[PDB]
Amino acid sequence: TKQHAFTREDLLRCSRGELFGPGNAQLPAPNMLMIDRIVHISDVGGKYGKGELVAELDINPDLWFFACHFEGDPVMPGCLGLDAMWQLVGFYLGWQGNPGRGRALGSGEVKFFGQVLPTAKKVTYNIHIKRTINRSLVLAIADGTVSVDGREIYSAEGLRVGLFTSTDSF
């Protein structure tokens, strides 16, 4: 809760289990990691007054997904930008100090109304936390947008991620 920004190195450390500790939240490592840095994370402010994350993914044409998706028509998979939002929401829960491993639980409406081309510079994720529930299962609910070089292209309402001290029920 004390640190409000994270470098790529921090996120890589997180992916090894070395930021939040063993048994607790881990981001994906590359090539599933869809964030380079967290520019701002807080548990006050945001659209709902319950916290906010802003994060960035640098784009260049040699990112692996461009060559296979699609041949002759390169474009960042929408599913991976969506996943970056789930990644942030999970991270948020770990960052608050909750224990357990992350699993996404889903979302309400998702809309894709733009795209990321290999000639783009930077994708930015804006996440507004709507609610956290610490009752027995720990989860978070949030709204999110994905933008590319200033232009909003995706929205998601009701992103949900949980933490599990035993994922055995999945």
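Each residue number is its position in the shown sequence, starting from 1.
Across the other entries compared, at least a third leave residue 135 without coordinates even though the residues on each side are present.
Of the two stretches examined, 57-65 and 130-138, the record assigns the greater average C-alpha temperature factor to 130-138. Two stretches are in play, 92-100 and 78-86, and the higher mean C-alpha B-factor belongs to 92-100.
The deposited CA B-factor of residue 43 belongs to the highest third of values across its chain.
Ranked by C-alpha B-factor against the other modelled residues of its chain, residue 49 falls in the highest third.
Annotation for residue 19: C-alpha temperature factor in the highest third relative to the rest of the modelled chain, per the entry.
The deposited CA B-factor of residue 12 belongs to the highest third of values across its chain. When the CA B factors of the chain's modelled residues are split into thirds, the value for residue 121 lands in the highest one.
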